[PDB]
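S.K.: To start, I am sharing the structure in question, which I have written as structure tokens.
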Amino acid sequence: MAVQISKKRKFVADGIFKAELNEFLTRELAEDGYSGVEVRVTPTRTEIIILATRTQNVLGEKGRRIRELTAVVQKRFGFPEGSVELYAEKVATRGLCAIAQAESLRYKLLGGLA
Amino acid sequence: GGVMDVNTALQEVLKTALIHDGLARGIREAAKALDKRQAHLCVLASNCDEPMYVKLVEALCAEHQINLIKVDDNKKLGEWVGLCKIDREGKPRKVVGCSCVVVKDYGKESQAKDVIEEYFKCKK
Amino acid sequence: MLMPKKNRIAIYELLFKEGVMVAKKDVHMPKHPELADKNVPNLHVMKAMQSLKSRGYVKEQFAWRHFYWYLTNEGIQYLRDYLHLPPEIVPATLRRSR
Amino acid sequence: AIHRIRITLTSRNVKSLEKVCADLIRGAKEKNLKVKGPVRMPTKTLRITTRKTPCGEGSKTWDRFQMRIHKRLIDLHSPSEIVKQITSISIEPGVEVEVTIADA
Amino acid sequence: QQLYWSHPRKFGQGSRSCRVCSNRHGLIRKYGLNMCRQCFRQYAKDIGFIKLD
Amino acid sequence: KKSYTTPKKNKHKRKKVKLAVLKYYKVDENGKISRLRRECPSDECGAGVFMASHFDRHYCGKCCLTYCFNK
């Protein structure tokens, strides 16, 4: 469990994790009104705050979907087991959330409408 | 399950033997199984093939491990096997006779599997 | 083959335990590290999941050279009977998320 | 015992950095741990100078991108317990901290 | 089947691959890139950089 | 880029001839089993399989790089 990479390379690898996730999620939560993330490492724990407008469809019945998502990250980036902890968040004021407004227009259009 | 009748007894083998992975289906695999000491049971069936194996199987049982059973009508044991595992023993996609099977320690040693064989062995 | 009968089990059993599989797009992987431990020298994960996916039973995402296969209810029933498991066992997960 | 314990801060945002340094210098000086001030180290430039045009055609253009990291460190000498207690808490922004056993 | 499928790739432009899909041609290494210059631009907004000059 | 031009040979995979199966064990009297050629001697071989009676060549087919006697 060591040593540790250069300080220059420390920020690049964080950016790669911040970015990859942000396109991983957008290909699954598109219909659930995705709006971004906000990551935070905390003492001996990861927080990944999965911002979307409707937390209902994200959660699922018995929390199945949130359980799938946590198990994915736990294998993919090779995280130490049980350190990963997801959280959800609902945003209030949804018309300043351009990302979600654009992706909502998409499904309105692809639904078949003028 | 069974009452130690010959017909329902060989059915009880195949159920837990599948889980044990003891089934050496086909004459060549049966031979290699029983030429090894892994086997503990041999079952044969009605002639659909040459008159050579009917002799040879008794000859192999003689030298190594005597255990043989003969039950006619190849289609019975042929029906009991799947194409992989459970999910249809009816199955017009494929069904074909085994003509002989050899099982290793007669599958799992547990309930009625033990009794069916012990019933036969002392009288044979 | 297409692949051995040992290496089938080791994928289908591993999927049942985590409830999810992931892998990378390569054809020069030598033993496939990063679970299935050292007994898949080729495609095999990707090749077996694709056939499973054809018949439903799983969903598949793909993003930045990494697959992500999500097991579903229909496949749980299949795999449960296919691997001769108890009529009610899911060791992948089962609790309410708070 | 009393060990020279060094609280290194590192960030990319000058507001987020500096106020979190201030908090640790107040809370230290409040308890009279004989804290030593920030030692601001040279800010380093990551430069990337690459084409602005995919599939090069048209007038030749480029684009300078830059990232500015920042380092600065406050040296304390006090018991390692109360340091490691108070340090890891009271941090709002995404700013890193690295505690060292000894350096001097 | 076969007794070969591969031949030495240990250095050169074929033993490293860029993260578009395993694209090449567009030789890249910088500061730990492994990241394609066309998509680097699309990640100007994403984290790693914000343009300031 | 353009379409394939005619060959004058191509043949893919051999049909791996459809030989009669198990005559490798010989029965003349019971319970005796008259074995022919020796069964394979390696530790990793199970020694329930036969070795090839391939005279002027003597080769275990379970092995695939090793154990080739020839006399």
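S.K.: If amide H atoms are built 1.01 Å from N in the plane of the peptide, which residues on other chains or at least 5 residues away come under 5 Å of the amide H of residue B:43?
M.R.: Amide H neighbours of residue B:43, under 5 Å, 5+ apart: B:69, B:101.
S.K.: Other chains' Cβ within 10 Å of A:47-56 residues: what's the mean? Show your work: numbers first, answer last.
M.R.: Numbers: counts 0, 0, 0, 0, 0, 0, 0, 0, 0, 0.
Mean partner-chain Cβ count within 10 Å for A:47-56: 0.
S.K.: Can you list residues from other chains, or at least 5 along the same chain, whose modelled amide H is less than 5 Å from the amide H of residue C:70?
M.R.: Close amide H contacts, sequence-distant or interchain: C:59, C:60, C:61.
S.K.: Between segment B:45-118 and segment D:20-96, what's the alpha-carbon centroid distance in Å?
M.R.: 75 Å
S.K.: What list of ³J(HN,Hα) couplings, whole Hz, do you get for segment A:48-57 from phi and the Karplus terms 6.51, -1.76, 1.60, once you set θ to phi - 60° and write x for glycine and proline?
M.R.: With the stated coefficients, segment A:48-57 comes to 10, 8, 8, 5, 8, 5, 10, 6, 4, 5 Hz.
S.K.: Each residue of segment F:49-59 in order: what ³J(HN,Hα) in whole Hz does its phi give by Karplus 6.51 cos²θ - 1.76 cosθ + 1.60, θ = phi - 60°, with x for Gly and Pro?
M.R.: Result, ordered by residue: 7, 7, 9, 6, 9, 9, 2, 6, 4, 8, 8 Hz.
S.K.: Once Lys and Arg get +1 and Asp and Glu get -1 on their Cβ, which of D:21, D:97, D:65 lies farthest toward the positive end of the dipole of chain D?
M.R.: Positive-most Cα among the choices belongs to D:65.
S.K.: To continue, here is another question. So, by mean Cβ neighbours within 10 angstrom, what's the order for E:1-14, D:26-39 with the highest one leading?
M.R.: Working: E:1-14: 7.0, D:26-39: 13.4.
Per-residue Cβ counts within 10 Å, averaged per peptide and sorted highest first, yield D:26-39, E:1-14.
S.K.: Counting only other residues whose beta carbon sits under 14 Å from that of residue C:38, what net charge do I get with K and R as +1, D and E as -1?
M.R.: Working: positive: C:6, C:31; negative: C:34, C:37.
With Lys, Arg at +1 and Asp, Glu at -1, the neighbours total 0.
S.K.: Would you please give the residues with an amide H less than 5 Å from that of residue A:52, counting only those at least 5 places away or on a separate chain, with H modeled from the backbone geometry?
M.R.: Those lying under 5 Å, H to H, from residue A:52 are A:89, A:91.
S.K.: Within chain D, count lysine pairs with alpha carbon atoms under 18 angstrom apart where the residues are 8 or more positions apart or belong to different chains.
M.R.: Step by step, the pairs that qualify in chain D add up to 12.
S.K.: Please work out the C-alpha center-to-center distance from segment C:10-86 to segment A:19-88 and express it in whole Å.
M.R.: What the calculation gives is 21 Å, centre to centre.
S.K.: Give, as a single signed number, the net charge of other residues whose beta carbon lies under 15 Å from the beta carbon of residue F:55, with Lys and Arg counted +1 and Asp and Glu -1.
M.R.: Values: positive: F:37, F:38, F:57, F:71; negative: F:56.
With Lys, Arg at +1 and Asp, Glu at -1, the net is +3.
S.K.: Determine, for chain A, the count of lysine pairs separated by eight or more sequence positions (or lying on different chains) whose alpha-carbon distance falls under 30 Å.
M.R.: Value for chain A: 15.
S.K.: In addition: To the nearest 20 Debye, how big is the dipole of segment B:6-122 about its Cα centre, given +1 on the beta carbon of each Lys and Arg and -1 on that of each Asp and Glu?
M.R.: Computed charge dipole of segment B:6-122: roughly 420 debye.
S.K.: On a C-alpha basis, how far is the centre of chain E from the centre of chain F in Å? Whole number, if you could?
M.R.: For chain E versus chain F, the Cα centre distance is 48 Å.
S.K.: Moving on to the next point. Can you list the HN-Hα couplings for segment B:60-72, worked out from phi with the Karplus curve (6.51, -1.76, 1.60; θ = phi - 60°), rounded to whole Hz and with x for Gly and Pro?
M.R.: Each residue of segment B:60-72 in turn: 7, 4, 5, 6, 10, 7, 8, 6, 5, 9, 10, 9, 7 Hz.
S.K.: Once you have a ≥ b ≥ c as the square roots of the Cα gyration tensor eigenvalues for segment D:17-104, tell me rounded if a/c is under 1.5, and otherwise prolate or oblate according to whether a/b is larger than b/c. Intermediate results must be reported in sequence, preceding the final value.
M.R.: Details: a/c = 3.89, a/b = 3.36, b/c = 1.16.
It comes out prolate by the Cα gyration axes.
S.K.: When Cβ neighbours within 10 Å are restricted to other protein chains, what is their mean count per residue of peptide C:83-94? Before the final figure, lay out each step's value.
M.R.: Working: counts 2, 6, 0, 0, 0, 0, 0, 0, 0, 3, 8, 3.
Taking all residues of C:83-94 together, the mean is 2.
S.K.: Also, quick follow-up: Can you tell me the orientation of helix D:14-29 relative to chain D, as the angle in degrees between its alpha-carbon axis and the longest Cα principal axis, to the nearest 10?
M.R.: The angle comes out at about 10 degrees.
S.K.: Next question. Please compute, for peptide F:21-33, the average count of beta-carbon atoms on other protein chains lying within 10 Å of each residue's beta-carbon. Please report the intermediate quantities before stating the final value.
M.R.: Values: counts 6, 10, 3, 2, 10, 3, 9, 2, 2, 8, 8, 3, 8.
Mean number of neighbouring Cβ atoms from other chains: 6.
S.K.: Tell me what the protein assembly as shown gives for mean residue ellipticity at 222 nm when only DSSP H runs of n ≥ 4 count, each as -39,500 (n - 2.57), the sum divided by the residue total, rounded to 500 deg cm²/dmol.
M.R.: On the way: 15 runs with 161 residues, N = 564.
It comes out at -8500 deg cm²/dmol, rounded to the nearest 500.
S.K.: Could you work out the local net charge near residue B:99, counting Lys and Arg as +1, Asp and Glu as -1, over the other residues with Cβ closer than 15 Å to its Cβ?
M.R.: Working: positive: B:25, B:28, B:55, B:70, B:75, B:76; negative: B:29, B:49, B:50, B:58, B:72, B:73, B:79.
Around residue B:99, the surrounding residues sum to -1.
Heads up, the Cβs are rebuilt from the backbone with ideal geometry, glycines too, and the neighbour counts pull from every protein chain shown. Just so you know, all these numbers are worked out from the coordinates, no wet-lab data involved.
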